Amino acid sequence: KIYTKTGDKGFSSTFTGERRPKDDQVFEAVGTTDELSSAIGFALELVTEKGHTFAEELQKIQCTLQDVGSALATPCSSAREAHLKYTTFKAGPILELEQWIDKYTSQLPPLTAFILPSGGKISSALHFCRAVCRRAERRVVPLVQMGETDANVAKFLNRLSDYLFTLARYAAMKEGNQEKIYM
């Protein structure tokens, strides 16, 4: 059977084998990363045409988010206690995001003021993804400040926020949609 029922009393396992209540910050961080990945999946379902580079990029990002969830599930202090290795989150994906950000940023008109979330279906979906990503970042920061998670995880999520904002503007520009401003 797909379920075990071992979590019916409200406890679950980390990747170090330690059992904690399901409201622990480790599970809040893992679950919010999962929620971000799901929002990105639904946004991916909105692309009308085929062969879009940024769709491949978003799928790569989803895989990286699975890796980020795995990292968050192995707290470093319990990995030292459990005799396990370090759980080092590498910087590759961050640099990749920075490259893609430069690519899209070089193509947009300069932006000076606040944007209302808008610009077509894809663009609005990506703005919602951006807000969920920032929530995930806020869930990861306390774990970093405790020494439980590599700081590169928070760096990746922070850079993904900017990637999603820039990609929303890029999609809006390509659709001929103008986004709104003011008060």
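All residue numbers are counted from 1 along the displayed sequence.
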Comparing average C-alpha B factors as deposited, tell me which of 98-106 and 81-89 sits higher.
81-89
Given 67-75 and 108-116, the range whose Cα B-factors average higher in the PDB entry
108-116
Selection by C-alpha B-factor (highest) of 47, 144, 132, 40
47
Chain-wide C-alpha B factor ranking for residue 22, given as lowest, middle or highest third
lowest
For the chain shown, is the CA B-factor of residue 53 in the lowest, middle or highest third of its modelled residues?
highest
